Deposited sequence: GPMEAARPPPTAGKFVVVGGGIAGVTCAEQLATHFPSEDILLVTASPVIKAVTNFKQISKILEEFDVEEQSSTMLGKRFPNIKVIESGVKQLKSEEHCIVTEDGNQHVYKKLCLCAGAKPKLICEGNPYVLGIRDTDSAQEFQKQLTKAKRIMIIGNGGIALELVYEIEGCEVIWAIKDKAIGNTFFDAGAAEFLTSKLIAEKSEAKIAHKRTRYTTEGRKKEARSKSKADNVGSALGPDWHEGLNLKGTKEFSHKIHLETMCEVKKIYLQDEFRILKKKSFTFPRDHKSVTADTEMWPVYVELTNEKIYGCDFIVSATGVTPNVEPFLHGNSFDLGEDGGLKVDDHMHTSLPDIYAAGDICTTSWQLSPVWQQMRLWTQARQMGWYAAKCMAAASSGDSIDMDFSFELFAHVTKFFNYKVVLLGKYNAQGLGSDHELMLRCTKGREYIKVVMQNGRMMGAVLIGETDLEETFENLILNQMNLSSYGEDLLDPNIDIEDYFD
């Protein structure tokens, strides 16, 4: 009967807001664990969808009947080893306070992961020794190329200038370690955690901790896949994130993607009747345009929740609705090491396969710009620095203008390419 949306995450709240605007005479329920009194909040977490009976039951034991249901349960932090008190992974504001408390009392903290959480934390935290170990050859393999890593890593040497946290939780807490030494960091490439040894296990085996990374009896010691073993007061495992499919998959035969998300069609339908999904829980199975890709984020979640609400409204009106332009081109504009990072289309030339070419213009400690052109037509580009050319690169990508005549000079310093295609 009443429309139901699951999650106080950006996708769920934005889906519920838009859906409430489309049907102001009917109520929407945002189940989760004002400006629109049409939306009520249940404040509880569901344990089982019942797709055959069209029902949801929460931890309250309350049963709900849905005409449409949008699943937006977000995603759990994956961990190197769950259950250990010395592992942390950021998920929610409660976990950010726990991280604050542990961090405000400690030194010698290890971070494992080359993903977005680690990329923020290595710049936000100061006054702890940061041991960094990454499974890849260079920093930021998810969001950057090898040449991009060399620009942003050279910045790392210099001194600092119940919904899940969104684009900028790092402003709402103060993160200073006891040492008070700004940006003392070491990076270990190709490494993975072999095992986690508590102090007691280390004492029994009589192994020796590697010396502090450079140009004492710690609580926990972690061994790498290399010959070097290091201790810490606690360890931050970024490890990526896994969709919260576990509490929903029980008892109903959802089709799951290779990333474990609920597969969704072009109208966001989950391959079960009447059930939609948006944000990290969903996985995009429709025919992708050449310059789009799905990476879990705040911007894509906001867009997916909007589109899901539009598609749900379409099915109730019986009307046909076309796909929203936000799925035509991927763009993410964000901050890493106090540098703007706008990645447009196939920024790392992903899915181009054999056919692609690279044009790069960069000034040391100023800006790094790279252009990916598969056939003389720009599929994607990486923009880093204070450059304001992001609209121009966006437009050239969605036009597919043949830039072959403009040659290698499309990124020459003296030509105002932004003015040229304004």
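Engineer: Without any C-alpha position in the structure, which residue ranges of the deposited sequence would you list, numbering from 1?
Structural biologist: Missing from the model are residues 1 to 12, 46 to 76, 205 to 233, 288 to 295.
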